[PDB]
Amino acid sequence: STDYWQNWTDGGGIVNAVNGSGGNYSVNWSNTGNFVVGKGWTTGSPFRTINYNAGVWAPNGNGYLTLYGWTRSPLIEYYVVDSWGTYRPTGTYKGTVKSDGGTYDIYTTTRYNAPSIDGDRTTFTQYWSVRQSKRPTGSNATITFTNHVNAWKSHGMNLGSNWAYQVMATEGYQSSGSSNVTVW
């Protein structure tokens, strides 16, 4: 069960995020620039099984329903995107992995003098597993994060040895939407 809460907006539009009971959170948002809201854990782990139930996933425009987090040593950001809005994020293709009833494509992207957990001006690679089509929502859903870790490792994408936050998030941008997500 969760111990980490994330609620960031860039100030655009209206973003009403609720830190509900246990692992539950909701966001209703409109006319946004950009926000990320979620719950997960202060300390990520490559062996975690994330369970979540997204009782509402109702984006109008760009939005991502994703597990995401960081390592240091080295500094990596990673994403497991189970659903989205109007656009499906991609990047440099690396491979595909079957996990939890879905097929995901694996992508890398790179960020230069960009924000991170290490500062305002930092350099890092991002790793992505993005499902091929939107995962159905409304039922309990599993992300067996090891499957993703192993598949990334098999394609030369090694994570850092030390694990910082790991959250089941709602990211929204230039859009409106509602999300209601319960994590355990």
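Position 1 is the first residue in the sequence shown; the rest follow in order.
A.B. asks: May I ask you to compare 124-132 and 155-163 by their mean CA B factor in the entry and name the higher one?
C.D. replies: Averaged over C-alpha atoms, the B-factors run higher in 155-163.
A.B. asks: If you rank the chain by CA B-factor, which third does residue 49 end up in: lowest, middle or highest?
C.D. replies: Top third by C-alpha B-factor.
A.B. asks: Taking the entry's C-alpha B-factors for this chain, is residue 178 in the lowest, middle or highest third?
C.D. replies: Within its chain, residue 178 is a lowest-third residue by C-alpha B-factor, going by the deposited values.
A.B. asks: Going by the entry, which third of its chain does the Cα temperature factor of residue 9 land in?
C.D. replies: According to the entry, residue 9 has a C-alpha B-factor in the chain's lowest third.
A.B. asks: Considering every modelled residue of the chain and its Cα B-factor in the PDB entry, is residue 80 in the lowest, middle or highest third?
C.D. replies: Lowest third, going by the recorded CA B-factors of the chain.
A.B. asks: Taking the chain's C-alpha temperature factors as the reference, tell me which third residue 139 falls into: lowest, middle or highest.
C.D. replies: Tercile = highest for this residue's CA B-factor.
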